[PDB]
Structures are given as structure tokens and as C-alpha cells.
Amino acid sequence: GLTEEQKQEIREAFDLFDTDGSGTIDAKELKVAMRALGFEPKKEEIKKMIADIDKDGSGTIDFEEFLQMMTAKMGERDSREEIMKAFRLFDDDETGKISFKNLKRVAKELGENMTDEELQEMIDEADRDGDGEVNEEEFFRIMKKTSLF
């Protein structure tokens, strides 16, 4: 059973695909978001993404369809590699740590309108060992996913 805070966080994530704020992800919004993140999605690959999550035949994913997607069961092994896959999406320069610049790169692709101060406070709060970057452990930790690391 998800708290309001966990639903809210999913919703804020939903909001980054739904740029026109219609309350749905269309196929063209999905395509723009996947390219930006560096996956090279194909027109037909997008049709399958859309069809598999939209359960009411609208051709769009609303927050409730997205919310099933983002709360479906997953084993611990699958979930670890999930966090890991996401950490490596950031690590662009393959250095083993998430730097200010990684984050700035990723916030921009998702269309976050963040200042450097706001990015630095995001770096600052995860850091922990005071090195100015975010390693694997402290990544797991700020995601509130400690027992997986």
C-alpha cells in the first residue's frame, strides 16, 4: 500500500513525460523522452510500449496506467539491476560516480528547469563521504533502497 508521498513522487515522474500536462503520455511524448535519454527507439518499438501499458484503448497512458507500470512486482535481483542500470545512465563518463555534471545532463534531458544551486544541493545531500560526487552506495541510499546494495 503506497503512501501519498510515494504516489506523489511517481506523479512528478509521470509529469516529465507528459510535457503538455494533458494528464496522458502520447506516442510522440514517449518518443521525445526516450531519444533525450539516449535510447534510440524505433517507430514500431514505441507502438508496443504504448499498447502494453494503455489498458483502456485510448492510445495514451494516464497516471493510473503509468502507476500500475511503476508498481508492478519485481524480485530483488531484478530490482538491484534496475537501480544499477539507472546509475549507469547517469555515469556518462564511466567514472563510477555521479557528478554535478552527470546530474545536470540528466535533469536537462528530462526537461527539468533546475538552477545550478538546486543541482548542487541535490549533489550535496546525497554525498555523505564529502567527496563532491555520488558513488553507488550513496545512490542506493538516497533512493531509500539500502537493503539492496
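Residue numbers run from 1 along the displayed sequence.
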- Query: Going by the B-factors listed in the PDB entry, is the mean over the C-alpha atoms higher for 117-125 or for 78-86?
  - Reply: 117-125
- Selected stretch [higher average CA B-factor]: 50-58 or 35-43: 35-43
- Going by what the PDB entry lists, where does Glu94 fall on CA B-factor within its chain: lowest, middle or highest third? middle
- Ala107: C-alpha B-factor third of its chain, per the entry, is the middle
